[PDB]
Ligand SMILES: NC(=O)c1ccc[n+]([C@@H]2O[C@H](COP(=O)([O-])OP(=O)(O)OC[C@H]3O[C@@H](n4cnc5c(N)ncnc54)[C@H](O)[C@@H]3O)[C@@H](O)[C@H]2O)c1
Ligand SMILES: NC(=O)c1ccc[n+]([C@@H]2O[C@H](COP(=O)([O-])OP(=O)(O)OC[C@H]3O[C@@H](n4cnc5c(N)ncnc54)[C@H](O)[C@@H]3O)[C@@H](O)[C@H]2O)c1
Ligand SMILES: NC(=O)c1ccc[n+]([C@@H]2O[C@H](COP(=O)([O-])OP(=O)(O)OC[C@H]3O[C@@H](n4cnc5c(N)ncnc54)[C@H](O)[C@@H]3O)[C@@H](O)[C@H]2O)c1
Ligand SMILES: NC(=O)c1ccc[n+]([C@@H]2O[C@H](COP(=O)([O-])OP(=O)(O)OC[C@H]3O[C@@H](n4cnc5c(N)ncnc54)[C@H](O)[C@@H]3O)[C@@H](O)[C@H]2O)c1
Ligand SMILES: Nc1ncnc2c1ncn2[C@@H]1O[C@H](CO)[C@@H](O)[C@H]1O
Ligand SMILES: [K+]
Ligand SMILES: [K+]
Ligand SMILES: [K+]
Ligand SMILES: [K+]
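Protein chains in written order, with PDB author numbering: chain C, 10 to 469; chain A, 10 to 469; chain C', 10 to 469; chain A', 10 to 469. A prime marks a further copy of an entry chain.
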């Protein structure tokens, strides 16, 4: 077996030890493996996967394989691979093209190695994506391959936005499931995973005390809520920026001061518009938005000396790293930790006081400087991914006639009953005990004893 | 002016001082007062109101009056009235029938004084309700009055369930707005209001240290989330019960142990099914469900000696108080605090060790033993109520032809843009500054610079 | 029985109900009652007591009486009495001169009624004091009575400072025990009691949401630590001022921003020295210092409109209330809540926006606007008070010859073994289980299996 | 230069980058460097140092060198060295014998390389020690070298106990400073350092979600307080064991359940004495005691399957690792992470469910699996170490006559004024501003405007 590319195949035994521990932390996902093993619901499935090649993704891959799938795998970020996970999957005879510290060229080459087998399009029929890079490449460069693909299961908020844009423009060629918007994904992974992994990544990259220090979190969606808690629980003094007044109201009620980097919130492109007093007091800035240039050049110029800058949103463009690359000298501390010298770019003084510390070159910090979300949280996301793969593979959209395709070409979420069954396995993994409604109580609140327990309008 | 009934009209000046303070804590609601004063959008409105007669409800009433409405008011709970608020509203010439410590008979007589003026149905044309008692009485006993009513605005989760039941059975006679499911209501009032007011009510009723003690919260919806935080932030060791595995998963991730009062979560009706060891360690139980008999007789028999029992869901039936009234002696400590002697009901021993403390006789504890939610939280709920009253009054359903009525007979929520505008006034009240998107950024995430910023599917 | 003065003797049954509940919350103090009942160690003791006449003080009084003492009692603050507690003690035939809302003249008259019986010095032989007012009056006005007094047991940090000043000046006439510096007092009452009771008092006085709002706590000793936590756990954004850099370092490490009301911390008596930007953002200021004028006139002029001002240190002088009384109009909201109108003092405009809210006229806010510390916390302080009364009464200093007096004239703390026995009863009251050292382990760390477990230098 | 032994000298540039960052996080220590550089107070000092060879210890070493000292250095733990810190110090021409993952034999050889230069006792005259191993070796094996040594500065609680034992037995040969009991050490490092570094080490070793899981912390001294907070802030359900009822009372008031591993707290030596139900629910145990066998064989047999076991007290003996090595198979996951298979010791099944995870082989987990405490915390400890080295070196005990020695042979702490000056530089490093007392205020509380601000009896 040679159909792979990883950093070091000799890490496979370490990877396999970690996979065995992870299996014990992922009861929803291992429950699906155990339930659906007999039935082989993914027999015949040929899955192109593009998602962070971590130990958790390993347990997802081997679940899909155990249910009958074949896969070809790549990471959706240049720094998110755990090399021992990539090695364990390669050593199991699974095609994977992933290492930590890819270049942009190696990243694209790795996605192309999943799409192509022996130099020709693989007989793919399913797509599992995180952030939409693989989905975009298939639509733009391999439209013939999409004729035989039954669906896309999309992990993250940014990738779902890209799918919905394609659906509105009539360019989406196969149906998708929005896995992000299961409650056991969005209100589990996006929030609690960032609570666990943001402070973890800053401590591994810098070993900085956080207690006592001033943080600014840009955004207060699911990731900004979990990020703000990651920092506040360590004793940081956390300020929150938002454009959405409903998310800002939650931040105030959660005990955060809501501030804007710009005077009166107005970003009119000038240095004069920067709240220099506020940014001059900030020791850490974290972007959580999925948006573009929310930590801009003028903010970076105004930050306190030796402030840490990082991004936990899907793509680097949240921070104006291109400005920093043009203007300022980069001194590498160790991989995924750079001192950015604001003195200029004509080399640097090792003793200069005027620098920022950038983590993961502005790429997803939790995965770049630590290991991303823990197994027990990713259990929820990846149980949903498996149920979504089963649903779209069983629906066989590619085999429908043209007029039947038209009725099914949609971006859909999984039913609440499945979201509840995932949650129940998660709860039992903590040793939680869920109460069973009496018939009197089920009748009183108007639900089945078996659920679903809430209307689809319920926000949790 | 004599068209009122309150405890003590001489409390009116104290009530008016508190209303003036509350106005300064309710910028969304006082913003609507200022915006809509010129236009008099509620000129001709005749509103039957049934909601806790607090200082916050006072500011809501005088906002509706300032926009042109006439009202007739009662409380929706026997113990929720603040007698100084009732007095200040009566002293202003507004018809209100409310006092703290009504009997069930006085509670019904107070609703009937709103419905009847000078012994004849009032010419009502709008309904503002909290929990659905007024709505039920109009549908069952005054169907002719609903012919002239343009709509119902319903405050709370339990009242919305009752409206939806009426809509499914085709017994609902007028359209309604679900005010509960604005984000600036459900994920503000229901959660953060209970965070503020639950520990406040237990302290006023008992003056018990909570730190170090064991609590069981039954439910982890919006109210159980806020209630569990109210107790945990004071240092209680909080356990959470749930029937909904998604809410139970959130409890686990929020750092609570999830337990059932029943062995393996199965209530078989018998004493054998009670987890006696768990209930024997609990010092406080709080029901938050909107359901029936979630703290049942067998649980009450098993609780630790001198445990506190209370309910913060809409109706008393959450706790089996009827069992306690049939079997056990009630020793009143002071109003809304009773020792329930488990020795029997043939008088009591003042020195008996074997009792429970019941707050507010099992009625809403935050309103019964304290003052409910604070003005700055109720600002959001009541800004929504005013917007909902304007919308249904302007729509004039009662004046539509039969065939036009059929298209409008619905239970609806307010548009997200209004929810956003309420939240923005709340944020500015904290001194928060919301960032304005650049045109580049608005285009990047596919929203207007003005909002709405989220899809209607977004759960916050 | 007529040898008392209280607000309303008809509250005695309510007071007695609360005392019976408090006994169940005070196991250390009720354990002493049970242990020492046979021995009557305080037979012959005649105790002048001056400490807040709360339900908790009631349980202390009746413990001293049960161990054989007679007492004459007054409160050490004009607003700290709970009238039902004072009534229950009077109705038990115990001399008490206390009500909530005394004037300064009534406060002094009440202490004088304890000192004098039937117009002549009582045959006092022991003193229990909180803050040193009674101790000062005996030294200055009744030196003959001190000839027959065996000791003083002093509750609080401010009173201990006054005793040590008298000891250094050679004016202290009888030995004292510093009850404040038991760990089961200072690191229990001073810290955790203020955590419980500060947010309790602000919510009863104002019903203000605290979440989201800016607080400034002046001080970070035991009371400032508990106060800062009281506010931070509700979601306040808390800033801390300190003069002691070691306490300030703890505040930084506990996740607070450390600020000064004065530019660069320099209080040079000018308006120019005030950090107007900082004070203009503060919604609540709490003084915790035991010092003088730490919230001064220039700070009060600079505070944000409608800010709440309160003191939880022993005496009112922490806030410059005398400035406010000279310059500004006081509008009473309700007892112990005043709007202070910064427009001037020639009456007030009920609708003026430019006011501060002062709680308890600047007197101890927890006791003034709520009920002070909870029974289960005061258990520790008052178990120490009883052990200190036993120790100094048994030592019989008044009966020593002049030369034996000289060797015993000291301010001492209770032994660590007694502090540990109090703590153990407190722990068992939570249902805590303390591990017993093996002989091997006791030998390894160099302690007895029975304790004491720490050297006297240990800070906990 | 060859007078060193490290893992990899090529890590020196990475070490030096991290030392330059650490200097910016250690203002008290770099303030002393700047203040005392002119004076060279340690000119002629020859310091044997034995303390964890981290980046923080690097900044301490180069401060001592900058003040004029020569040093010979080793780590006080086999797994605590950061090999880049060791390399940077060796590359600077400083003798250091340290690497991560020493054997017990290499650990002793490294201490011996400090004591011996070119095969003969070095002309040492000062000792800096953490835990007392170096101190014991000098007293037992190199008594002649102690004739020329002026003093010992001891970092940690366990080492101070060993010094005091030597002083009581009259075997201590040179005076010592207890650096541990500065407030800016004991109530900074021991508590907040463990808050930072315990959850950091468990995450790096296991990547386990902690939220939702059950922890037992054995001990609630400074380390158990910080450890319990490390776990609780991540959402663990934390139970605390203690032998000291005062520390147990603080645990209860801090909102922890206090439990014993043994029924009624009595370890009878037998399996029957184990609370099997409690230990069967624990997912993580952390020892923090400085004591022996506080997580014993019977507890290890009773723990829940797949529980994590770790120690953050000075020495491995807290956990019965000798029992585990005799009975059970050790499967190495990666360095400092072992699965301990409770099936027996005759090899292991890679898929066995019945194991415990042991971190750092039961040695200090924060240093063994992460990087120990952060620079900004160790700033305080190591500013004290430098002040202590200056004081004992200037006192020149070895040069005193026999009779002068007898008056100085003591274990002392640093003066409070120095503890204050360290804390003030720490506070200014957070951007904190300490208020200056007015003369009025200084007189009122009886202190100098310059401090000290507290009596030596004050516990903070
Ligand atoms: N690193 C991880 O492990 C991880 C986990 C899940 C999601 N993600 C990614 O994180 C991003 C956020 O995901 P989410 O689920 O929180 O999305 P979301 O839509 O819930 O939250 C994004 C928030 O950013 C706010 N925002 C937008 N522009 C802003 C601006 N200029 N200033 C301030 N706030 C602004 C929005 O109003 C919104 O509330 C996405 O790119 C998503 O794919 C990463
Ligand atoms: N006191 C107040 O001020 C206040 C404020 C808002 C709402 N309410 C009332 O509180 C109640 C709850 O409102 P909500 O918004 O939280 O509703 P919700 O539907 O969000 O939450 C109720 C929760 O109870 C759970 N539950 C139902 N039966 C249960 C059982 N037997 N055991 C355990 N859990 C069970 C459900 O699964 C659900 O998650 C309603 O009656 C509502 O009208 C009171
Ligand atoms: N209300 C209550 O129930 C209660 C409880 C216990 C104690 N007390 C009283 O509270 C006060 C404080 O007691 P404590 O035990 O916390 O004393 P403490 O000595 O532990 O703390 C007082 C703190 O105030 C600081 N301080 C002094 N002047 C200051 C200034 N100008 N600005 C900022 N900080 C300043 C000191 O440095 C010190 O750390 C005393 O008067 C005590 O008697 C009241
Ligand atoms: N890992 C680190 O970075 C670090 C930092 C500082 C100190 N330390 C070490 O940690 C240890 C503890 O230091 P400390 O400052 O907390 O000491 P401490 O004396 O403050 O606390 C130890 C606690 O253990 C308790 N205890 C003793 N035997 C027990 C038993 N059988 N069960 C339960 N509790 C028991 C004691 O009552 C005491 O309160 C020492 O060995 C010290 O040298 C480690
Ligand atoms: N202070 C208050 N004033 C009026 N209504 C309140 C108050 N506190 C809570 N409520 C309302 O009580 C309703 C339940 O009957 C909740 O939906 C909440 O909106
Ligand atoms: K991970
Ligand atoms: K209220
Ligand atoms: K009290
Ligand atoms: K470190």
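Backbone N, C-alpha and C fix where the C-beta goes; we use that ideal spot for every residue, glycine too.
For residue 129 (chain C'), three-class secondary structure by DSSP: Your numbering for residue 129 (chain C') matches position 120 in the third chain. Looking at residue 129 (chain C') - three-state DSSP - the assignment turns out to be strand.
Residue from C:134, C:73 and C:315 whose Cα sits closest to the Cα of residue 29 (chain A'): Here residue 29 (chain A') corresponds to residue number 20 of the fourth chain, with the count starting at 1. For the residues C:134, C:73 and C:315, the minimum Cα distance to residue 29 (chain A') belongs to C:315.
Buried versus exposed, by CB contacts within 10 Å (16 or more), residue 65 (chain A'): If you number the fourth chain from 1, residue 65 (chain A') lands on position 56. By the neighbour-count rule (16 or more Cβ atoms within 10 Å), residue 65 (chain A') is buried.
Within 7 Å of chain C' by C-beta, residues of the region 335-353 of chain A in sequence order: 342 and 343
Under the three-state DSSP convention, the category residue 88 (chain A) falls into: If you number the second chain from 1, residue 88 (chain A) lands on position 79. The three-state reading of DSSP puts residue 88 (chain A) in coil, since its state is none of H, G, I, E or B.
Beta-carbon proximity of residue 101 (chain A) to residue 17 (chain A), cut-off 9 Å: To locate residue 101 (chain A), count along the second chain from 1; it is residue 92. To locate residue 17 (chain A), count along the second chain from 1; it is residue 8. Cβ atoms of residue 101 (chain A) and residue 17 (chain A): not closer than 9 Å.
Pairwise C-alpha distance: residue 54 (chain C') and residue 10 (chain C'): One-based indexing of the third chain puts residue 10 (chain C') at position 1. One-based indexing of the third chain puts residue 54 (chain C') at position 45. A straight line joining the alpha-carbon of residue 10 (chain C') with that of residue 54 (chain C') spans about 21 Å.
Proximal residues, the region 418-434 of chain A' versus chain C', C-beta separation under 7 Å: 428, 429, 432 and 433
Within the region 308-355 of chain A', ranges of the alpha helix (DSSP H) (whole runs, at least 4 residues): Under the rule that a run must span 4 or more residues, the alpha helix (DSSP H) segments found entirely inside the region 308-355 of chain A' read 330-336.
contact_flag[the region 237-255 of chain A, the region 263-270 of chain A] where n(CB pairs < 8 Å) is 3 or more: yes
Member of A:339, A:286 and A:123 whose CA lies at the smallest distance from the CA of residue 104 (chain A): By 1-based counting over the second chain, the position of residue 104 (chain A) is 95. For residue 104 (chain A), the nearest C-alpha among the options comes from A:123.
Buried or exposed (CB count within 10 angstroms, at least 16 for buried), residue 378 (chain C): By one-based count along the first chain, residue 378 (chain C) stands at place 369. Flag for residue 378 (chain C) reads buried.
Residue 242 (chain A) - DSSP class collapsed to helix/strand/coil: Your numbering for residue 242 (chain A) matches position 233 in the second chain. If DSSP states are grouped into helix, strand and coil, residue 242 (chain A) belongs with coil.
Cβ contact check for the region 349-367 of chain A and the region 383-394 of chain A: 3 or more pairs under 8 Å: The region 349-367 of chain A is not in contact with the region 383-394 of chain A.
Touching by the beta-carbon criterion (3+ pairs, under 8 Å), the region 32-40 of chain C' and the region 340-358 of chain A: Taking 8 Å as the limit for Cβ pairs, the verdict is that the region 340-358 of chain A does not touch the region 32-40 of chain C'.
For residue 399 (chain A'), the first and last residue of its enclosing alpha helix (DSSP H): The residue you call residue 399 (chain A') lines up with position 390 of the fourth chain. Start and end: 384-404.
Whole-angstrom C-beta distance between residue 274 (chain C') and residue 296 (chain C'), which should lie under 8 Å: Numbered from 1 along the third chain, position 287 holds the residue referred to as residue 296 (chain C'). Numbered from 1 along the third chain, position 265 holds the residue referred to as residue 274 (chain C'). Not quite, the Cβ-Cβ distance comes to about 17 Å (not below 8 Å), so this is no contact.
beta-carbon residue 357 (chain C') near ligand 1 non-hydrogen atom, thresh 8 Å: Counting from one through the third chain, the residue named residue 357 (chain C') turns up at place 348. Not under cutoff, so the answer is no.
Pick from A':222, A':284 and A':63 that is closest to residue 293 (chain A'), judged by C-alpha positions: As a position in the fourth chain, residue 293 (chain A') is number 284, starting the count at 1. Cα-wise, what sits closest to residue 293 (chain A') is A':222.
Whole-angstrom distance between residue 89 (chain A) and residue 78 (chain A), CA atom to CA atom: The sequence position of residue 78 (chain A) within the second chain is 69, counting from 1. The sequence position of residue 89 (chain A) within the second chain is 80, counting from 1. Cα to Cα, the separation comes out at about 24 Å.
Neighbour list for residue 453 (chain A) in chain C, Cβ cutoff strictly below 8 Å: Here residue 453 (chain A) is taken as the residue at index 444 of the second chain, counted from 1. Ordered by position in chain C, the residues that pass the 8 Å Cβ test against residue 453 (chain A) are 300 and 301.
CB contact check: residue 266 (chain C) to chain C', cutoff 9 Å: Position 257 of the first chain, counted from the first residue, corresponds to residue 266 (chain C). Yes, residue 266 (chain C) lies at the interface with chain C' (some Cβ there is under 9 Å from its Cβ).
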